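K.L.:
The data below comprise the sequence and an experimental structure of the protein.
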Amino acid sequence: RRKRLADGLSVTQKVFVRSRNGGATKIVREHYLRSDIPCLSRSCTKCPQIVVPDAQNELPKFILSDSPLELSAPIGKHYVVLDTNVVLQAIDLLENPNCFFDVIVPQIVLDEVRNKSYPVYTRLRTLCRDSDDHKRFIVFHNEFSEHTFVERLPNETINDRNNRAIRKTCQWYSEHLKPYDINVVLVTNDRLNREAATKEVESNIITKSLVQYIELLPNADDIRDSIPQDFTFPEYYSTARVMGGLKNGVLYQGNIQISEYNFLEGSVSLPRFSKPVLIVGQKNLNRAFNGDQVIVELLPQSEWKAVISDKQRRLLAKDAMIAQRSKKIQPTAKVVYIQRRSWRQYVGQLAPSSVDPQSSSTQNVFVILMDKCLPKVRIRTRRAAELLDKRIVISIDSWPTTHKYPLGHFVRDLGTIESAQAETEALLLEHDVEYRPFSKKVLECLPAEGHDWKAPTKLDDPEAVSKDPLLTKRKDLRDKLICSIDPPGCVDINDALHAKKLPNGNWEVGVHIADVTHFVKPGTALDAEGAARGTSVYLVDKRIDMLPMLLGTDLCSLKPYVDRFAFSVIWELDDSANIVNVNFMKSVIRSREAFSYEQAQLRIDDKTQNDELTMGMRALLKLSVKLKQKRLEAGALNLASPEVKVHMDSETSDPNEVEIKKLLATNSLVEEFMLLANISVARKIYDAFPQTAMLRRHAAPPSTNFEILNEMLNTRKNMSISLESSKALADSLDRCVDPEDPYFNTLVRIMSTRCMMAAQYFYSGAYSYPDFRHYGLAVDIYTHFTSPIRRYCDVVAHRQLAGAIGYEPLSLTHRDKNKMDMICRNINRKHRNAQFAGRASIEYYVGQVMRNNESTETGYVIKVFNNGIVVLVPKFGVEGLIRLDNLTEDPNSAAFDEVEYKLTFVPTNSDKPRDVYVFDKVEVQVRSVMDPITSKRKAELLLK
Amino acid sequence: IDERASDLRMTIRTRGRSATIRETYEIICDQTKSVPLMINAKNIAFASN
Amino acid sequence: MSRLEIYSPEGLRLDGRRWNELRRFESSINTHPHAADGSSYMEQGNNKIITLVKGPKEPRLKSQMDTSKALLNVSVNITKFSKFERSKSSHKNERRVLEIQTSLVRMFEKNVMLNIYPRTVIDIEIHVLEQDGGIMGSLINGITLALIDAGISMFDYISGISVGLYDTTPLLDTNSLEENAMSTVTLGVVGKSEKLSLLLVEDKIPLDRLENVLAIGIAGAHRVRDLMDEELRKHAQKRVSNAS
Amino acid sequence: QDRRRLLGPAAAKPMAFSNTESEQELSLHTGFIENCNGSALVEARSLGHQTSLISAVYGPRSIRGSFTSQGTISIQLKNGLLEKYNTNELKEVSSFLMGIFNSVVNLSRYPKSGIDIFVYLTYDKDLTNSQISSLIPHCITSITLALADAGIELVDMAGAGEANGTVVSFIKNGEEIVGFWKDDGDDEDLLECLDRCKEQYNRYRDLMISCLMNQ
RNA sequence: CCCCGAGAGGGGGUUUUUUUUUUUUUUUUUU
Ligand SMILES: [Zn+2]
């Protein structure tokens, strides 16, 4: 039945059955039918009179424009109501800035999308949440509204009821918006809806099939390319089958690896099996991508490479485990279900081979994805000539058994190839880097003052204390002589240093870090986006900030000549740089001068200035040398990878010069005190919060990583790396130097860096104390704290330190072991994506420098194989591959000795047998050429 | 125990990481065959009060 | 981490209610006249509770007899079919249940005038037929109604309510889904007053949010008192009309 | 595990084994338990099932709970060494037995007194290489023997019989019925069961009297 | 203080045994 309440509210019974672990549970929840559900339209003049405020006393905003996109009659002005299917298929088109401006998303739709896809639902909610003056999405709770709520008719499927529910919403919207002359358009691909309208017994409704609706828009030609779309693969199993298979030990799930060297062979990592199960064949891979979580079924033993009942399959499984131990034959399997696709928006370019210039109508073409481990996709398009030489974004729709290739439809036009705009943009979004400007909800969390924000003159002022009651805990260090040593064009300053000599002979060192925590608060959208990005990526081209410009370049940035809030760490240490005591405190400072690394070094060098500031700068340098020396004695590592800096001519936007950044003594000055700051903070926050302390560890490198390096060293150069301890590894790496070539030591260092374990963030409750060890720094504990503006990890550390000293209680989100695990796993992924995008940015610009230039540069052989060699050019910092065919003449006469890593061959321009060992300095002609298949600017090198 | 009982390890998933519970072998007693209990007959005492 | 919209940006909950609205609260008096001196059948949401008041009467054992006051006993029977998943074991001797029974007794010992019924016993039997969040608050309302039906003197009403705290937001009258997704506070309010007979917090709550949560609960409990009082006068009035 | 018993380690699992009309004779003994007022030993062997049960009567003893013109009787069945039955099933037979002996025991002779009758299902072997129905007539025989051995007044020697899941207890030379029990069985087989059980009732009664006299 | 006789009589104010524990959905620093 249905009961009417006092508020005009109704209530009914929503009952459904959910199957869990082979169980049947009857779930019953009560369903309240309201009468105060807003249409959320600017035109409406009735709803604002019946609307009520939210828990936070805030009435919802009517956002749907009073003058939407006007279309040719009889559509006129109109709102768009979406179906469940059109959302799941064309979410990319729903995010396109050039279409779908005013859209109504029914509750029943939002619910179905949430259950069918988690991710798409989030993207749809973001469109609703993120609405501006360009795009406007709402959620009309039709199930909760008594006016629109429909109930299942006798003998009616749930799919037809839901379609009738959406159709009822459109009718309600249509009748409700009649006085405002705004029609509603139902975008749906469903067959069922039309029959109910063809009769048109009760009311009229304008419905267009997704494709049919697009053909009614002014910009139909610009958005038609975004419309989602004996050979036969074996059908995937039904869902019930795989769930029972996993439970009965018949089927097994894991992540599949597909190498670019072989697309016809995959391997899955299974917990029950020691060695990864191979998957041989194209039917056996079954339309699986690299990184996909797949469910595999073990093939018969006769299918093994170098059954009926479930009992025999478990016996086959045991025989498979035995065969893996014997290492004679290795078990194979076939994927029969795809648990979780690794699919994401994909960047590629149209293949000129599959597009006919003579064709004027719609034609099928192929797009070559930038991922070399991925197949090509079929695309339906009419603008095949306009997308010919451009980086395009495409999204897959389906890959069925009866099609040799996956089918995809275009999403966006990034730009032309080898252009700074298109290549940088493609570079970022391929490494999952959000570069879009901060939304309005984000920018609203910023101070109301704006750029004219200022730290209070008096820290006891009634007004200032009234607004900030924590200001009394704020220390005053504006009398100190603070200076910042950062690169030339650095506007986002994180760290600031000072030094005084205490009357007791000891030194007072203070490291001051930007007080980002004071501006970004947990829960806000600003903090949300900050955590999402994890870190700001650094390119030669641009600079994608983690926080808004107003905050990171000014308010938080420790700029000179201005009063800025900061989290300060002050030490009292002797002349031998030994810490006597350490204090943490939130303070307010004023930077005396923002030096550059070259500018700071010259000031010290001159002897020109006796000023109290410069005298302090010299003192800091003296401490740093002592501090660095202690670390080296302790067992600190000294790895190296000084990447090149793409010089840009003032005269020409295009890059022409590639130089190298030199490490000045001021770089060692800043580095030593930043490390000192991070260490002291790490010790303090862990002492205060032993279970949720944001820390950073570095695993010790396995012996297997250096066994190959020591193999090449002991064979060719007759040397070795100890690996017994970090100090032992450092000492042996240090003596690893050739007198005939000084760069040999640098080459070994930059090569022994590749075999180091990746450092990761974590929380102190996830590991034990001995696991806090940082191998590369030889410290028992460590954390990131000095760069709040460009690292969210520091922000967490700042909040934890503030709670550690008693300045302000630590937020619950930083004391939840579960929430901390999510933060760490995110910033770890964002960190990797940051460096990879950064290195890719260097790769593009350097590749553009050598675009139309050939020069004999110095090269070093780092990898020796039978198919060719790999040489590294330190001048450009680019590794190149010289194939055997282009390496020498007569490939059948060349020989490769794995024992000596020697490759003997007869050069093309000669006839004398030359033996090319490893680590050899060779002359190499550089040349760049974009591959016609991968569209990636590679550097073809020819030795001499 | 059965030579090769089909029942092997049972996979249990955590929050991201995976683990496998060790295969439990079902021990079965013989319907007929039996061995006598090895009692230290030198130690068997009898009660009196 | 909840994938469901516990509190949507539209200010709507999973069941449709807003932040501040009680759940259908339907009371029923004199439901079991041949089984008890006083009886009440409570329906607060999907919650279904039978409450029986037997007494004041002679104690079954003279050993357990007070010559200055009546003996008040409460036994809560949470049936094995109260929740979607049937519980295999009984809850009769469960520590959680013993605490509930004890709690209820300690509540009404200071409300029921036991002093005017010396050398007697008041037995309160409760049967929970269905459970869906806020069962403690519903237990309080059931006893208060049943006791009044039995004509047993008491100083005032005792209304029970539960309030959840999802993030910052406070949710009145939470159900099973909401209780599983957030910390809740159970409040017993005496009459129209600000005085609490029962304050129950079993999960973590920030110290700053607790006062506001109490404020919401007290206001909501006052509405429960009004509904109980309303239905009681209605039942009274009809009886008076028909009897007189 | 339990703080009142020694049940051993919890990880231990019980040993489970694997694979690689007919005339009835019974033995009767009374008064071998000095601990109580009356006791009986009833052993029966037939086909692929033998049973050895012991009965013990404690009373008439004091009753705390209430005043009584007549006596009060309680019967409890206990599981024996190996064979086991559901507690519910043992309670059900106990109730069925209480009804029977409340028709036989001269309760009027024992005011404010309690007669507690215990029947131990000591050894019930099932050799077939609701089974409780075949044990019921032997229980009644044991309780009757024990009560008579105790010196508790009986209106008549109550005995019983079992036939195809049907159990019926007789008194007064089989003229009347003091209890009727039926599980499973067939349809319209009442008359056949009554005759077969009365034959067992007569045989049991003769052996009981022979035991109460000669022994 | 309480009940029954018209006058210092009588009758009542309320004691003792029974049965175990779970619990909800590629290092490092500044950028
Ligand atoms: Zn409206």
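P.N.:
Noted; the coordinates are in hand. Numbering: from 1, shown residues only, chains lettered A, B, ... in the order given.
K.L.:
which residues in the stretch 501-650 of chain A form helices?
P.N.:
Counting by DSSP state H, counting those that start in this stretch, the segments of the stretch 501-650 of chain A that form helices are A:525-533, A:549-550, A:597-606, A:612-634.
K.L.:
Assign the residue nearest the centre of chain D to helix, strand or coil.
P.N.:
For chain D, the residue nearest the mean C-alpha position is residue D:139 (1.4 Å; Cα atoms, centre = their mean). Three-state call for residue D:139 (DSSP: H, G, I helix; E, B strand; the rest coil): helix.
K.L.:
about what we covered before: how about a markdown table for the helices of the stretch 501-650 of chain A, with mean neighbour count added?
P.N.:
C-beta coordinates here come from the backbone N, C-alpha and C atoms, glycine included. Shown next, in a markdown table, are these (neighbours: other Cβ atoms under 10 Å in any protein chain shown):
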| stretch | mean neighbour count |
| --- | --- |
| helix A:525-533 | 19 |
| helix A:549-550 | 17 |
| helix A:597-606 | 16 |
| helix A:612-634 | 17 |
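K.L.:
Residue A:346 against residue A:373, yeah?
P.N.:
No. The criterion here is Cβ atoms under 8 Å, and residue A:346 misses it with residue A:373 at 11.8 Å.
K.L.:
still on that earlier bit, can you pull the contacts of the residue nearest to the centre of chain D?
P.N.:
Residue D:139 makes contacts with D:53, D:55, D:77, D:93, D:97, D:119, as judged by Cβ atoms under 8 Å, 6 or more residues apart in numbering or on different chains.
K.L.:
Number of residues surrounding the residue in chain D positioned nearest to chain C?
P.N.:
Using Cβ to the nearest Cβ, the single residue of chain D nearest to chain C is residue D:65, 10.4 Å away. By the measure other Cβ atoms under 10 Å in any protein chain shown, the count of residues near residue D:65 is 8.
K.L.:
Quick check: it is in a strand.
P.N.:
No. Using three-state DSSP, the assignment for residue D:65 is coil, not a strand.
K.L.:
Which secondary structure state does the residue nearest the centre of chain C sit in?
P.N.:
Among the residues of chain C, the one closest to the centroid is residue C:140, at 2.3 Å (Cα atoms, centre = their mean). Judged by three-state DSSP, the three-state class of residue C:140 is helix.
K.L.:
got the contact list for it?
P.N.:
Residue C:140 sits next to C:104, C:107, C:158-160, C:188, C:198 when contact means Cβ under 8 Å, 6+ apart.
K.L.:
List only those of the residues you listed flagged as buried.
P.N.:
With burial judged by 16 or more other Cβ atoms under 10 Å in any protein chain shown, the buried subset of the contacts of residue C:140 is C:104, C:107, C:158-160, C:188, C:198.
K.L.:
Farthest pair within these?
P.N.:
Between any two of those, the greatest separation by Cβ to Cβ is 13.7 Å, found for C:104 and C:159.
K.L.:
for the longest helix along chain C, which positions count as buried?
P.N.:
In chain C, taking DSSP state H as the definition, the longest helix is helix C:210-243. By 16+ other Cβ under 10 Å, the buried positions in helix C:210-243 come out as C:213-214, C:216-218, C:220-225, C:227-229, C:231-232, C:235.
K.L.:
ok, the closest residue to residue A:908 other than its chain neighbours to residue A:923 distance?
P.N.:
Nearest non-adjacent residue to residue A:908, counting by Cβ to Cβ, 6 or more residues apart in numbering or on different chains: residue A:889, 5.0 Å away. Computed with Cβ to Cβ, to the nearest Å, the distance linking residue A:889 and residue A:923 is 18 Å.
K.L.:
And those two? Which one has more around it.
P.N.:
It is residue A:889, of residue A:889 and residue A:923, that has more neighbours when counted by other Cβ under 10 Å, with 14 against 11.
K.L.:
From residue A:910, how far off is that one?
P.N.:
Taking Cβ to Cβ, one finds residue A:889 at 9 Å from residue A:910.
K.L.:
what does residue C:103 give?
P.N.:
Per Cβ to Cβ, residue C:103 is found 97 Å from residue A:910.
K.L.:
quick one, which of these two is more surrounded?
P.N.:
Neighbours around residue C:103 and residue A:910, counted as other Cβ under 10 Å, are more numerous at residue C:103. The numbers are 19 against 11.
K.L.:
show me what contacts that one?
P.N.:
Residue C:103 touches C:198, C:200, counting by Cβ under 8 Å, 6+ apart.
K.L.:
number of nearby residues for the residue in the stretch 551-700 of chain A that chain B sits nearest to?
P.N.:
Nearest residue of the stretch 551-700 of chain A to chain B (Cβ to the nearest Cβ) works out as residue A:692 at 16.1 Å. Using other Cβ under 10 Å, residue A:692 has 23 neighbouring residues.
K.L.:
my read: it touches residue A:814, true?
P.N.:
Yes. Using Cβ under 8 Å, residue A:692 is in contact with residue A:814, at 6.1 Å.
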